[PDB]
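What follows is a set of notes on a single structure, which appears directly below.
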Amino acid sequence: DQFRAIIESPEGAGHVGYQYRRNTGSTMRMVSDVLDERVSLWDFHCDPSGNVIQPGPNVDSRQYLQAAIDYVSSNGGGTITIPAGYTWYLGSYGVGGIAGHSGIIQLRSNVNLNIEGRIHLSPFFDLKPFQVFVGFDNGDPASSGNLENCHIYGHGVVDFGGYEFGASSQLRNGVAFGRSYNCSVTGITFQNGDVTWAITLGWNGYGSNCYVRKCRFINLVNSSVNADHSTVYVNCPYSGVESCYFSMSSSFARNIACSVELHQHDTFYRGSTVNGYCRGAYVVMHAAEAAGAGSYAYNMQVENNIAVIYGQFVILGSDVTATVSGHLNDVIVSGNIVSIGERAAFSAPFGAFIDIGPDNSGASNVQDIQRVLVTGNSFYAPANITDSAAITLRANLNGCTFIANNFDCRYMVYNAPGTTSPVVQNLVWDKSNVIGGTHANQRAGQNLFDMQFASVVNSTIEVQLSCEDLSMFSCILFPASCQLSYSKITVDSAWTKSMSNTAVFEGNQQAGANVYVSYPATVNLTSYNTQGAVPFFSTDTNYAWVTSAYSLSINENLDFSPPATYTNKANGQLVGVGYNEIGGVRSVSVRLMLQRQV
Amino acid sequence: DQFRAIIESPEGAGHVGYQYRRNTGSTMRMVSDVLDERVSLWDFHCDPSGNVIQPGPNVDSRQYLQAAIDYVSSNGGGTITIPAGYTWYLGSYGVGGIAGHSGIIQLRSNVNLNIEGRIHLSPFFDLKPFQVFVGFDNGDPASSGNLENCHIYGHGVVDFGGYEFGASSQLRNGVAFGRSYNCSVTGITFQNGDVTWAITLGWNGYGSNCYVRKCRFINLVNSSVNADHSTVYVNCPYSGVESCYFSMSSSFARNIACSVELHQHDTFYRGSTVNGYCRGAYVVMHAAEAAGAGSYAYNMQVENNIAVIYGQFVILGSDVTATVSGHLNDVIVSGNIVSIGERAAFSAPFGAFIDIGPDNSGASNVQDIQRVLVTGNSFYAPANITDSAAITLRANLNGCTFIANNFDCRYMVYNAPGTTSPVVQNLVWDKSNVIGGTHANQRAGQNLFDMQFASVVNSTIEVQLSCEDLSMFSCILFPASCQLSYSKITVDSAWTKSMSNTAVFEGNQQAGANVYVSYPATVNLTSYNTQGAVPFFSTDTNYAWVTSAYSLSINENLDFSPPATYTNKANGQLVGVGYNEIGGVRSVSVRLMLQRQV
Amino acid sequence: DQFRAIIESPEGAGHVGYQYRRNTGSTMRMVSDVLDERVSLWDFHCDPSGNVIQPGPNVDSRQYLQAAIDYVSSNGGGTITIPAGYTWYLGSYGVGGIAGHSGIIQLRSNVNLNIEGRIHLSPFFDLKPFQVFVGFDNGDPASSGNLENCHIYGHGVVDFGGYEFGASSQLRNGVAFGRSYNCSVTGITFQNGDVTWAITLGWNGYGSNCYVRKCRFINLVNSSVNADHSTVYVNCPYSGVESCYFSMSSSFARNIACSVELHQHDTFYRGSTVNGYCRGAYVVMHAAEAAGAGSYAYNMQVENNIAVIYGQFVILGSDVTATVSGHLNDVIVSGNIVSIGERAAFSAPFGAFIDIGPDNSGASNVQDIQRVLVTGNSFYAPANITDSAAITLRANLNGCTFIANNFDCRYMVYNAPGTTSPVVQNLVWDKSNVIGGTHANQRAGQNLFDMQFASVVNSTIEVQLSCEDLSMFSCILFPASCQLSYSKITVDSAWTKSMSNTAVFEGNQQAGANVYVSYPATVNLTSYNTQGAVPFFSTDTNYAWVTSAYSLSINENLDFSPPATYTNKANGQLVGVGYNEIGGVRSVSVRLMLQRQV
Ligand SMILES: CC(=O)N[C@@H]1[C@@H](O[C@H]2O[C@H](CO)[C@H](O[C@H]3O[C@H](CO[C@@H]4O[C@@H](C)[C@H](O)[C@@H](O)[C@H]4O)[C@@H](O)[C@H](O)[C@H]3O)[C@H](O[C@@H]3O[C@H](CO)[C@@H](O)[C@H](O)[C@H]3NC(C)=O)[C@H]2O)[C@H](O)[C@@H](CO[C@H]2O[C@H](CO)[C@@H](O)[C@H](O)[C@H]2O)O[C@H]1O
Ligand SMILES: CC(=O)N[C@@H]1[C@@H](O[C@H]2O[C@H](CO)[C@H](O[C@H]3O[C@H](CO[C@@H]4O[C@@H](C)[C@H](O)[C@@H](O)[C@H]4O)[C@@H](O)[C@H](O)[C@H]3O)[C@H](O[C@@H]3O[C@H](CO)[C@@H](O)[C@H](O)[C@H]3NC(C)=O)[C@H]2O)[C@H](O)[C@@H](CO[C@H]2O[C@H](CO)[C@@H](O)[C@H](O)[C@H]2O)O[C@H]1O
Ligand SMILES: CC(=O)N[C@@H]1[C@@H](O[C@H]2O[C@H](CO)[C@H](O[C@H]3O[C@H](CO[C@@H]4O[C@@H](C)[C@H](O)[C@@H](O)[C@H]4O)[C@@H](O)[C@H](O)[C@H]3O)[C@H](O[C@@H]3O[C@H](CO)[C@@H](O)[C@H](O)[C@H]3NC(C)=O)[C@H]2O)[C@H](O)[C@@H](CO[C@H]2O[C@H](CO)[C@@H](O)[C@H](O)[C@H]2O)O[C@H]1O
Ligand SMILES: [Ca+2]
Ligand SMILES: [Ca+2]
Ligand SMILES: [Ca+2]
Ligand SMILES: [Cl-]
Ligand SMILES: [Cl-]
Ligand SMILES: [Cl-]
Ligand SMILES: [K+]
Ligand SMILES: [K+]
Ligand SMILES: [K+]
C-alpha cells in the first residue's frame with residue numbers, strides 16, 4: 001500500500017482534504033494547513049530523529065522552546081502554546097546575545113507565548129544567576145536591537161525552583177523584555193524563588209507600551225544572600241502595572257523587597273494588592289537611565305493600591321551623573337490604603353507613606369522633585385511603631401502637596417536629627433489632612449511635625465488635630481538650625497487647650513517678616529486700676545511678633561472682663577482693652593490664639 | 001480494505017502523520033495528537049455507544065459536561081470549550097459532594113471552562129433551589145477540599161431560565177467556587193433569574209486570589225418570594241470585583257438586591273456600574289465567617305463605581321458570636337458617583353451613601369468599625385426624597401472620616417429618633433465636604449445634621465453651606481439625651497445670616513470643658529450712657545460658655561459703634577467695649593459669631 | 001484507488017475518525033468535525049474554484065472576509081481569526097446597508113473577529129471616505145437593526161494606510177458598531193491614518209454595554225484637510241473606554257484632536273494615557289442625540305487618566321434642538337494628572353483643565369450643566385503659557401464643584417472679556433484647592449480669578465495662595481458688568497501682605513446684603529487725642545460694607561496701641577478702640593483683614 005505509507009508518514013495530513021463545514025464556498029484545504037494555524041511546544045519537543053520527548057524533571061526543555069520561538073519568528077510570528085497539564089523544566093543557559101544577561105530563553109519580536117502549563121527551573125540553576133526570558137539580542141544592551149510585539153499570557157506558572165542566590169552580586173529575573181515596544185505579561189503566576197526582579201520593562205528609557213496585568217508574584221525572596229528586590233521594574237515610558245497581586249512570606253522580604261519601580265515618564269502602578277514587602281513603589285528619575293526617554297520622569301501615577309508593608313509605601317527621588325541631571329515632577333499618589341504590618345519599633349526600615357530618599361551614595365543635595373500630589377489616601381501604623389511617618393523628608397525637596405488624606409501614625413512630617421539637612425521648598429500640608437489618634441499618648445518627648453531641615457521656604461503646614469494627644473512635646477517644632485521664610489504655619493485650637501507647647505520655634509523663626517503663623521498659648525495678663533475701659537498687659541515680653549490675639553477662655557468673674565482681643569507693643573508685651581465695672585488691678589491667666597499676619 | 005476500516009474508525013486520526021509546516025526540525029506527530037491539544041463539550045456529548053447527541057431544550061447536557069470535567073481533571077487539567085452557536089441545557093441535579101449545595105455541575109481544580117455559547121436551565125429547576133457550578137467537594141463545606149486554578153471565561157451566557165423561587169428559604173447561585181484559590185470569572189453574562197447570588201468566592205475566609213472581571217449581571221431578581229440577593233459575595237481575602245455591569249428591572253430588586261459584598265480582608269469592588277438595585281455594597285466582618293482569614297476585615301476598597309440605587313450605597317458593619325468578635329477597619333470609599341433613582345419618599349429602604357447597619361438581629365452595640373475614609377465621592381437624591389442621607393449612623397461607630405465629598409441629599413448625618421442610640425467615636429466631617437442645595441426649602445422641621453445618638457466623643461463636624469436653606473430648623477441639633485464631649489462643632493456663617501437656629505444643643509452640651517464650638521446667633525445688646533469708650537452687655541444671660549464673639553453685622557449709626565468683639569461674664573452675659581462719640585444708652589440687635597475655645 | 005480519491009478530496013477529513021485521547025467514553029467524531037470547531041479567514045480566502053489566494057498588497061481581501069462573516073452569522077455565530085504572520089489588505093467598498101456609511105466590512109451579530117494579524121487599507125482609499133467595520137445594516141441609522149454580541153480582539157493591527165483626507169466634509173472611521181449592544185474592542189492597535197474617529201459606540205443613545213479596552217491609537221491625524229477628530233465617540237449608555245493609549249505626532253492633532261467623547265449616561269473614561277492631542281474628553285449631552293437614552297447625560301466618569309495635551313482636558317456642554325433640551329449632571333472628574341505640553345502662548349486652543357464650552361453655533365445660553373465634581377486632579381502648564389486656566393467658564397453654568405485639586409497654571413477661573421457673558425450658579429471653589437507658583441511673577445495686569453460673567457449667584461470662591469505672586473493685579477476681580485449675589489468670596493492673608501489689591505469689586509458688589517466676603521487691605525487710621533482708651537478712625541470712607549476688621553500688622557510703638565479689631569460707621573469709616581498710654585493724636589497705616597458677614 002503506497003497510499004498507506006504516505007498517509008501514515010509526516011506528510012499524511014497534507015493528503016487529507018478539508019473544507020469548512022462542507023461549505024461549497026469555502027477553501028479546499030488539507031488537514032495539515034488547518035493544524036498549521038496553531039503551534040505548541042509539542043511541535044518542537046522532539047529528538048533529532050523527530051520522536052517526541054516527554055517533559056519532566058529529568059529533561060531540559062530549553063533548546064526545544066528556543067527552536068519553536070526561532071522557527072515562528074522566521075515565519076513572521078504567531079503564538080506558541082506551552083501546554084496545560086505538564087511541567088516543562090529548564091536546565092541550561094542559552095547562547096549568543098542573551099549570554100550577557102544569564103539568559104535561558106531568547107524572546108523574539110512578534111512571537112507570543114501562551115503559557116497554560118508550568119515552567120520550572122531545574123537544580124542546574126541552584127546558586128547561579130539567571131534571567132529566564134530575555135528580549136535583548138546582544139550582551140551589551142546599548143548594542144541590542146528592539147523586541148516588539150511580544151506578549152506572554154495565560155493561566156500558567158513560572159516557578160523559580162526555590163533556589164537561594166549563590167552570591168549577593170548575582171542577578172535573577174523572570175522576564176527581561178529588553179528594549180521593548182508593545183510587550184506585555186498577563187495572567188501569569190511567578191512563584192517560589194530568590195530573585196532580583198520578576199519582570200523588567202524597557203532599558204534606560206528605550207521602549208514603550210509595556211504592561212503587566214493580572215499577574216501574581218508569590219514568595220520571590222527567600223534568603224539573606226539576596227541583595228535587593230523589586231518585583232517589576234518599569235524602565236520605559238508609556239508603560240505600567242495594573243491589577244496585580246504581590247505576596248512575600250520571608251523575613252528578608254520585609255527588609256529588602258519592593259513591589260514596583262517606576263523609572264520613566266508616563267508610567268503607572270494601579271489597582272494592585274501587596275502583602276509582606278518592605279516597600280510599595282519607587283518613583284524615581286535616575287540620571288544614569290536617561291538615554292532613551294530624556295532626563296525627566298513626569299506623569300507618574302500610583303493609584304488605588306492596597307498594601308501591608310514594613311517600610312515605605314512610595315519613595316521619591318532623583319539624582320545626577322557627570323553629564324545628566326534627573327528631574328521628577330507631575331506625580332500623583334491617590335486612592336491607596338496602606339498600613340505598616342504589626343512589628344516592633346525599629347525592626348524594619350523606617351515606616352513611611354512617602355519617603356524623600358537620598359541617592360544610592362547617600363547624597364541629599366542632588367534631588368529635583370516637585371509638583372507631587374498626594375491625595376485621598378489612608379495610612380495606618382500600630383501604636384507601638386515609633387518609626388512611622390506620613391512623610392520622612394530626608395533629602396532636598398522642591399515641592400510636594402498633601403490634600404485630603406487620613407494619616408494615622410507616629411509622625412506627620414519627620415527627618416531624624418543629626419542626619420541629613422534637607423532644603424525644603426513648596427511643601428504643602430493642607431488643613432484637610434486628618435490626623436488620627438492611634439498614637440495619642442505615645443508621643444512623650446516627640447514633635448508631631450519635626451522639622452529637622454536646613455531650611456523651609458514657600459511651605460504651608462496647617463495642623464488640625466481630631467483628638468487630644470497631651471503626651472506630645474509639640475504639634476510642630478523647628479530647631480534653631482532650620483531657617484524658615486515665606487511660609488504659613490497654623491495650629492487649629494481644637495483639642496489643644498491643655499498643651500503647654502503647640503508650635504515651637506527654637507530660633508524664634510516665627511518673627512520673620514514673611515512668616516504667617518497662628519497657634520494657641522497661655523498668657524498671663526495684668527490690668528491697670530482704672531474703672532471703666534481699662535488696659536490689660538502681658539507679664540512676659542515674648543510677643544513682639546504677634547499682630548493680633550484673641551481669647552480662647554471664658555471669664556469667670558462678674559466685676560470685670562479681660563479684653564476679647566489684643567495687639568502688641570514695641571517691647572514685646574501684648575495689650576488689649578477690657579472693662580472694669582468696679583476699679584481694681586486684675587490679674588488673669590488666659591488661653592489665647594496668637595496670630596501673626598493671619 | 002483493512003486500512004479503510006482503520007482510517008474510518010475512531011483510531012483513524014492516530015494513523016495520519018503530521019509535521020508542523022513540513023518543518024524537518026519539527027516533531028513527527030499524528031493528527032489525533034494535535035487535535036488532543038484542545039477539548040470541547042462535543043468530545044463528551046454522546047450516547048453510551050459514542051454517537052453525538054445534539055444539544056437542545058429536550059436534552060440534559062449535565063452528565064456530558066460533568067464527564068468532560070472529570071476526564072480533564074484526571075489528566076492534570078486544561079480548558080474545556082462550551083461551543084458558540086448552541087444553547088446547552090441543564091436539567092438535573094449532580095451527585096456526591098455537591099448534593100449538599102443543590103449543585104448541578106461540580107468544578108474541579110485546574111479545569112477551566114471557556115464558555116462561548118449559552119448555558120440555560122430547563123424547567124426541571126422551576127420553583128427549586130440550584131447552584132449551577134459548585135467547587136465544594138463535600139456537602140459540609142468544613143469537610144470540603146479546595147478548588148484551585150479554576151477559571152471560567154469567554155463571551156457566553158449563563159441563563160437561569162426566568163424561574164421564580166419556590167420558597168424564600170431556598171438558595172440559588174450561579175458559581176460557588178467553594179474553598180477557592182486562584183479562581184475567576186471573566187467576560188460572562190449571567191441573566192434572567194430569581195437567585196440569591198450569581199457568584200460566591202471563598203467560604204468563611206478560606207480561599208485567595210478570586211476575581212470577577214468584565215461580567216454582566218442582568219435581571220437576576222424577579223419575584224416577591226426571593227428573600228434576599230447579593231450578586232457577588234466575596235468571602236475570601238485577596239479577592240474582588242472589577243469592571244462589571246449590574247442591572248435589575250424588577251420592583252423587588254429595588255428593595256432586596258445588593259450588587260457586591262466584601263466579607264474578608266484585602267478585598268475590593270472597583271470600576272463597576274450598577275442600575276436598579278437597592279444597595280451597592282456591604283463591607284462587613286461577620287464573626288461567624290472568621291474561620292479562614294481571622295476576625296478582622298481590613299484593607300477594604302470601594303472605588304470608582306457608578307450607581308443608581310434605591311437604598312444604601314455602602315453598608316458597614318461587624319458583629320459577634322459566642323466565641324469571636326468581628327472587627328472592620330482600614331476601609332476606603334472613593335471616586336464613586338451615586339444617586340438615589342427617582343422614587344417617592346419612604347417607598348424603598350432609607351436612602352444613604354454610607355449606612356452603619358445594626359446586626360442581623362438588630363443589635364446596635366456589637367460593632368467595631370473604625371479607620372474608614374470616605375473621600376472624593378458624589379451623592380445625589382432628588383428633592384422629594386426625604387429619606388436620603390450622606391450617612392445613616394444607626395449602630396455603634398468607632399470611627400469614620402469624610403473629606404472632600406459632594407453630598408446633595410436631605411440629611412448629612414441622620415439617625416431616626418426613638419430607634420437605636422449609637423455610641424459614636426471619631427466621626428470626622430471635614431469642612432471640605434460640599435453640601436448641595438437640591439433639598440433647600442424642603443427641610444421644614446428638620447435638622448441637617450440630626451445627632452440622634454447616645455453619645456459623641458472625639459468627633460468633628462465642620463458645617464459649610466453653599467447656598468441658603470432657610471426652611472431647616474437647624475444646621476445641627478443634639479438632643480438632650482446625646483452626651484457630647486471632646487469634640488469640635490463649627491458652623492461657617494456663609495448663607496446663615498437669616499437663620500434663628502444654626503446649632504442647637506438641647507441639653508446645653510456646648511458648655512462642656514472639652515467642647516470646641518463656633519456658630520452664628522443674633523444677640524441684643526445695650527450699652528451704658530458713658531461718652532467715649534463704653535461697655536455693651538447682652539440682654540440675655542445664655543452665654544456663660546462663650547469665650548469670644550465677633551460682629552457679623554454692619555453699624556448703620558454715626559454717633560456710636562458697638563464692640564467689634566466680645567467676651568463673657570460670670571452671669572452668662574456677653575460684654576464688649578464700643579465707642580460713644582456722643583453719650584447715651586444704645587440698644588442694638590446684632591448678628592454675632594459665637595466662639596468657644598476656637 | 002476509490003478511497004484515495006475520497007481521502008484526498010475536500011470530503012477526506014470527514015472520513016477520518018477521531019476520539020479524544022483515545023477515551024472510550026468520548027464521542028466518535030470525524031477530523032472535519034473537530035477542525036470545524038474553529039474558523040479563520042483562510043477558510044474563505046479562495047477563488048471561485050476553491051483554491052486559496054495568498055493575501056498581499058495586490059489582493060483585495062474584502063469579499064473573502066465578508067463571506068466568512070456572512071457564513072458564520074448564518075450558523076448562529078462564533079469567532080473568525082484573522083491569522084498572524086500576514087497582512088490582509090482591503091481595497092474596495094462593501095454593498096447594501098453599509099454603503100450609506102462608506103463601509104468596507106459589515107459586522108454581524110454574534111460574530112467576533114480575533115484579529116491576530118494586520119489589516120491594511122490599499123491606495124484605492126486614498127483621498128476617499130471610509131468606515132472599515134460597520135455594524136449598521138441600513139444606510140439610514142434610524143432604519144437600522146441592532147448589532148449584538150460582537151467583539152473584536154487580539155494582538156493585531158488596523159492600519160489606515162497613511163492616506164490624507166480628500167475633503168474636510170468626508171468622514172473616516174475604524175469601527176462603527178452602530179446600534180450596538182454588548183460589543184467591544186480589546187487589545188487592537190489602530191494606526192497610521194487621517195480619520196474622524198477610530199471607534200464609535202452606539203447611535204444617538206441606542207446601544208448598551210460597549211467597551212474599548214487595552215487598545216492603542218497611534219498617529220490618526222496627519223493633514224490640514226482633516227476637519228475634526230475624536231478617537232473614541234461613546235454614543236450609547238453603560239459604555240466606556242478603559243486602559244487605552246492614545247498618541248499623535250502631527251501639528252494638526254494639537255489643534256483638532258480629542259481622545260474620547262462621552263455623549264450618553266453611565267459612561268466612563270478611565271485609566272488611559274494621552275500624548276500629542278488637543279483635548280482629553282468632551283462630556284456632553286447633545287439634544288440632537290437624545291433619541292435612544294433620553295435627554296440627560298448623567299453618571300459620567302473621567303478618572304485616573306494621564307495626559308499631555310495642548311488645549312482643554314475636559315470640555316463640558318449641553319444644548320437644545322427645536323423639540324429637546326439636553327441636560328448634563330452627575331459628573332465626576334478625579335485622579336487625573338494632566339499638563340499642557342511645551343508650546344508658545346496662544347499657539348493652540350486656550351489651555352484649560354475644565355472648559356464650559358458654548359454650543360456648535362457659539363450659543364452660551366442653551367446649557368444646563370450642574371452637579372459636577374472635580375476633585376483630586378493635578379494640572380500643570382509651563383510659565384510662559386498665558387492661555388492656561390483651571391477652568392475656562394465660557395457658557396452658562398448651573399453648577400460645578402472643585403475640591404482638593406492642585407492647579408498650577410496662569411488663571412484659576414477665566415473667561416475672556418468682550419466675548420460671552422455667562423450666567424453662573426453654584427460654582428464652588430473650596431479652600432482645599434492648592435494654587436501653584438509656576439506662573440508667579442508672570443501675571444502683570446492679570447487677575448488670578450477673572451470673573452468675566454453676566455452674573456454669579458450661590459457661588460463660593462475661597463482663594464488660598466501657597467507662595468507670593470506680587471505681579472498679579474488681583475487675586476479675584478469682578479467687573480462692574482458682573483452681578484454678584486448670595487455668594488462667599490474669601491482671600492486668605494498668607495503671602496498677600498504686599499498686595500495693593502487682593503479682591504476687586506469694580507461695581508462695589510461686595511456691598512450686597514447676601515454677599516459674604518473677607519480679604520486683606522491696607523488702611524490708614526488716625527486717633528483722637530484722649531489719654532487712655534481712645535478711638536481710631538479710618539481716613540477713607542470706603543468701608544460701609546465691613547462688619548468687622550482685624551489687625552494683620554505688628555505695633556512698633558511703645559506709648560500707644562491701635563485697635564486689634566474694628567467695626568464701621570454709617571459714613572463708611574472704620575472705627576475701633578485702642579489705647580493711649582500717653583495722650584496724643586496717633587496716625588498709622590496698618591494691614592487689616594476686612595470681613596463682611598464672616
Ligand atoms: C533590585 C532593584 O531594582 N533595586 C533598586 C535600585 O536599582 C539599582 O540597583 C539594582 C540592584 O539589583 C539594579 O543594579 C544591578 O543591575 C544593574 C543592571 O544589570 C546590567 O544590565 C542588565 C541590562 C543586564 O541584563 C545585566 O547582566 C547587567 O549587565 C547593574 O548594572 C548593576 O551593577 C547591578 O547592581 C538597578 O540597575 C537597573 O536594572 C534595570 C532592570 O534590570 C535596568 O533596566 C537598568 O539599566 C539598570 N540601571 C542601572 C543604572 O544599572 C540599579 O538601578 C534603585 O537604584 C533604587 C532606587 O532608589 C535609590 O535611588 C533613589 C533615586 O536617587 C533614591 O530616592 C532612594 O532613596 C535610593 O534608595 O531602588 C532599588 O529598589
Ligand atoms: C443574600 C445575601 O448575601 N445576604 C446578605 C446576608 O448574608 C446572610 O444571609 C444570606 C441569605 O441568603 C446568606 O445565608 C443563607 O445561606 C447560608 C449559607 O448556605 C449554606 O452554606 C453554603 C456553603 C451551602 O452551599 C448551602 O447549601 C447552605 O448549607 C445559610 O447558612 C443560611 O441559613 C441562609 O440564610 C449568608 O450566608 C453566607 O453565604 C455565603 C455565600 O454563600 C457563604 O460563603 C457563607 O458561609 C454564609 N455565611 C453564613 C454565616 O451562613 C448570610 O451571611 C448578610 O448577613 C447581610 C450583611 O448585612 C447585616 O449584617 C451586617 C453586619 O452585622 C450589618 O451591618 C447590616 O446592617 C445587616 O443588614 O447582607 C445581606 O445582603
Ligand atoms: C469628530 C467629532 O467627534 N467631533 C465632535 C463634534 O461631533 C459633531 O461633529 C462631528 C464631526 O465629524 C460628527 O458630525 C459629522 O458626522 C455626523 C454623523 O454621520 C452621519 O451618521 C453616521 C451614522 C453615518 O455613518 C455617516 O455617513 C453620516 O450619515 C454627520 O451627521 C454630520 O453632518 C458630520 O459633520 C458628530 O456627529 C455624530 O457622530 C457620531 C459618531 O459617528 C454619531 O453616533 C452621531 O449620530 C452623530 N451626531 C450628530 C448630531 O450628527 C457631531 O456630533 C461634537 O459636536 C463636539 C462637541 O463639542 C461642541 O458641543 C458641546 C455641547 O454643546 C460644547 O460644549 C462644545 O463647546 C462644542 O465644541 O465635539 C467634537 O469633538
Ligand atoms: Ca551583564
Ligand atoms: Ca446545604
Ligand atoms: Ca451617510
Ligand atoms: Cl520671612
Ligand atoms: Cl467635654
Ligand atoms: Cl446679595
Ligand atoms: K545577569
Ligand atoms: K443550597
Ligand atoms: K460616511
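In the C-alpha cells, each chain is lettered A, B, ... as it comes, each chain's residues begin at 1, and ligands are numbered from 1 in order of appearance.
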Give me, as JSON lines, each residue of chain A that comes within 8 Å of ligand 10, together with its shortest interatomic pair and the distance in Å at one decimal, counting only C-alpha atoms and all ligand atoms, with rows ordered by chain and rising residue number.
{"residue": "A:100", "atom": "CA", "partner": "ligand 10", "partner_atom_place_in_ligand_line": "1 (K)", "distance": 6.4}
{"residue": "A:101", "atom": "CA", "partner": "ligand 10", "partner_atom_place_in_ligand_line": "1 (K)", "distance": 3.9}
{"residue": "A:102", "atom": "CA", "partner": "ligand 10", "partner_atom_place_in_ligand_line": "1 (K)", "distance": 4.5}
{"residue": "A:103", "atom": "CA", "partner": "ligand 10", "partner_atom_place_in_ligand_line": "1 (K)", "distance": 7.3}
{"residue": "A:129", "atom": "CA", "partner": "ligand 10", "partner_atom_place_in_ligand_line": "1 (K)", "distance": 6.2}
{"residue": "A:130", "atom": "CA", "partner": "ligand 10", "partner_atom_place_in_ligand_line": "1 (K)", "distance": 6.2}
{"residue": "A:131", "atom": "CA", "partner": "ligand 10", "partner_atom_place_in_ligand_line": "1 (K)", "distance": 6.5}
{"residue": "A:170", "atom": "CA", "partner": "ligand 10", "partner_atom_place_in_ligand_line": "1 (K)", "distance": 6.9}
{"residue": "A:171", "atom": "CA", "partner": "ligand 10", "partner_atom_place_in_ligand_line": "1 (K)", "distance": 5.0}
{"residue": "A:172", "atom": "CA", "partner": "ligand 10", "partner_atom_place_in_ligand_line": "1 (K)", "distance": 6.6}
Neighbourhood of ligand 2 at 6 Å, counting only C-alpha atoms and all ligand atoms, reported as a ChimeraX atom specification: /B:100-101,141,196,200,203-204,228-230,233,235,284,286,288-289,316-319,357-360
Quick one: write out the picked residues with N, CA and C atoms as an mmCIF file, in the first residue's frame?
data_model
loop_
_atom_site.group_PDB
_atom_site.id
_atom_site.type_symbol
_atom_site.label_atom_id
_atom_site.label_comp_id
_atom_site.auth_asym_id
_atom_site.auth_seq_id
_atom_site.Cartn_x
_atom_site.Cartn_y
_atom_site.Cartn_z
ATOM 1 N N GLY B 100 -25.231 18.521 48.652
ATOM 2 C CA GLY B 100 -25.443 19.410 49.796
ATOM 3 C C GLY B 100 -25.482 20.890 49.483
ATOM 4 N N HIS B 101 -25.268 21.234 48.212
ATOM 5 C CA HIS B 101 -25.275 22.610 47.735
ATOM 6 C C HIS B 101 -26.240 22.777 46.552
ATOM 7 N N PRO B 141 -19.243 22.189 53.943
ATOM 8 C CA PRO B 141 -18.080 22.956 53.499
ATOM 9 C C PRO B 141 -16.867 22.847 54.422
ATOM 10 N N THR B 196 -30.254 33.965 44.648
ATOM 11 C CA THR B 196 -29.695 34.565 45.846
ATOM 12 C C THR B 196 -28.419 35.314 45.501
ATOM 13 N N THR B 200 -20.387 33.331 44.278
ATOM 14 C CA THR B 200 -19.762 33.435 45.590
ATOM 15 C C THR B 200 -18.299 32.969 45.507
ATOM 16 N N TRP B 203 -15.120 30.520 51.170
ATOM 17 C CA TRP B 203 -16.029 30.057 52.205
ATOM 18 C C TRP B 203 -15.443 30.421 53.555
ATOM 19 N N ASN B 204 -16.128 31.311 54.263
ATOM 20 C CA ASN B 204 -15.726 31.727 55.605
ATOM 21 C C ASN B 204 -14.234 31.973 55.761
ATOM 22 N N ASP B 228 -33.765 37.665 49.516
ATOM 23 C CA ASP B 228 -32.567 38.492 49.650
ATOM 24 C C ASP B 228 -31.646 38.153 48.482
ATOM 25 N N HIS B 229 -30.873 39.134 48.032
ATOM 26 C CA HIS B 229 -29.961 38.940 46.909
ATOM 27 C C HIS B 229 -28.722 39.818 47.009
ATOM 28 N N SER B 230 -27.551 39.205 46.813
ATOM 29 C CA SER B 230 -26.313 39.937 46.549
ATOM 30 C C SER B 230 -25.638 39.288 45.355
ATOM 31 N N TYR B 233 -20.722 37.687 46.246
ATOM 32 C CA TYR B 233 -20.401 37.657 47.680
ATOM 33 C C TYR B 233 -18.949 37.218 47.824
ATOM 34 N N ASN B 235 -16.081 36.121 50.001
ATOM 35 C CA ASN B 235 -15.865 35.537 51.323
ATOM 36 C C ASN B 235 -14.506 34.847 51.448
ATOM 37 N N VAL B 284 -18.282 44.215 55.482
ATOM 38 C CA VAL B 284 -18.626 43.700 56.804
ATOM 39 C C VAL B 284 -17.606 42.678 57.282
ATOM 40 N N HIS B 286 -18.419 39.584 59.584
ATOM 41 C CA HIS B 286 -19.274 38.696 60.374
ATOM 42 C C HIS B 286 -18.358 37.779 61.195
ATOM 43 N N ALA B 288 -19.152 35.098 62.482
ATOM 44 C CA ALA B 288 -19.468 33.722 62.080
ATOM 45 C C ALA B 288 -18.676 33.242 60.848
ATOM 46 N N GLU B 289 -18.040 34.175 60.124
ATOM 47 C CA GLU B 289 -17.278 33.861 58.918
ATOM 48 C C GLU B 289 -15.771 34.005 59.101
ATOM 49 N N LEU B 316 -21.783 49.427 56.226
ATOM 50 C CA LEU B 316 -20.671 48.990 57.056
ATOM 51 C C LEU B 316 -21.200 48.281 58.296
ATOM 52 N N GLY B 317 -20.515 47.219 58.701
ATOM 53 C CA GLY B 317 -20.903 46.512 59.908
ATOM 54 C C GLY B 317 -19.917 45.484 60.402
ATOM 55 N N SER B 318 -20.080 45.104 61.661
ATOM 56 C CA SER B 318 -19.361 43.962 62.201
ATOM 57 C C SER B 318 -20.153 43.451 63.393
ATOM 58 N N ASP B 319 -19.911 42.204 63.771
ATOM 59 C CA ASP B 319 -20.734 41.603 64.793
ATOM 60 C C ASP B 319 -19.978 40.478 65.492
ATOM 61 N N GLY B 357 -24.873 49.883 59.805
ATOM 62 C CA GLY B 357 -26.014 48.996 59.964
ATOM 63 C C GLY B 357 -25.938 48.092 61.178
ATOM 64 N N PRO B 358 -27.040 48.014 61.964
ATOM 65 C CA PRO B 358 -27.118 47.049 63.067
ATOM 66 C C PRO B 358 -27.040 45.600 62.552
ATOM 67 N N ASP B 359 -26.744 44.655 63.444
ATOM 68 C CA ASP B 359 -26.564 43.277 63.007
ATOM 69 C C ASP B 359 -27.868 42.619 62.590
ATOM 70 N N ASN B 360 -27.801 41.355 62.185
ATOM 71 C CA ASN B 360 -28.977 40.681 61.634
ATOM 72 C C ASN B 360 -30.109 40.475 62.641
#
Exercise: residue 519 of chain B partners within 12 Å, only C-alpha atoms, chain neighbours under 3 positions left out, as a ChimeraX atom specification: /B:461-464,474-476,488-494,496-497,499-505,510,516,522,546,548-550,552,591-596,598 /C:598
Contacts to ligand 8 at 8 Å cut-off (only C-alpha atoms and all ligand atoms) as a PyMOL selection string: chain B and resi 484-487+511-515
Close residues, residue 111 of chain A itself excluded, 6 Å, only C-alpha atoms, min 5 positions apart in chain, as a PyMOL selection string: chain A and resi 77-79+150
Test item: residues at most 12 Å from residue 112 of chain A, only C-alpha atoms, excluding those fewer than 6 positions along its chain, as number ranges by chain: A: 38-40, 68-70, 72-73, 76-82, 106, 133, 135, 147-154, 182-186; C: 84-85, 116, 154-156
